[PDB]
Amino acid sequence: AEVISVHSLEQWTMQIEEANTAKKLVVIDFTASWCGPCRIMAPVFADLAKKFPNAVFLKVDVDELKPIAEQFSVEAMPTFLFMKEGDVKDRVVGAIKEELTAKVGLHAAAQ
């Protein structure tokens, strides 16, 4: 499984609606090109995506898709947002590898 980079509002909409129909967890990495911690977390996020194929892992550039960043009040980066069937389930803020890993494991399992 791969991290899906979302580069438009149309792409965002498609990914979210398809995930919601399939009733699967969505984990979004809110990132920026100039953000050092974000670069550090990129491989960690990609690794988790491979380990959890039942969940959808999305990457959103906050400068590219401002309405989506604004929607979730994302001003700190990286922010990892957990969402399932329209509801925010969790948030990880910063390059905290252990916390991200634990929360993916918690939310991706059968509920």
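Throughout, we count residues from 1 along the sequence that is shown.
Judged by mean Cα B factor in the deposited record, 95 to 103 ranks above the other of 95 to 103 and 7 to 15. Per-chain ranking of the deposited C-alpha B factor places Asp29 in the lowest third. Among the modelled residues of its chain, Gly86 has a C-alpha B-factor that falls in the highest third, as given in the PDB entry. Per the PDB record, residue ranking by Cα B-factor puts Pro78 in the lowest third of the chain. Among the modelled residues of the chain, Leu65 sits in the middle third by CA temperature factor in this PDB entry. In the PDB entry, a CA B factor belonging to the lowest third of its chain's modelled residues is recorded for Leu58.
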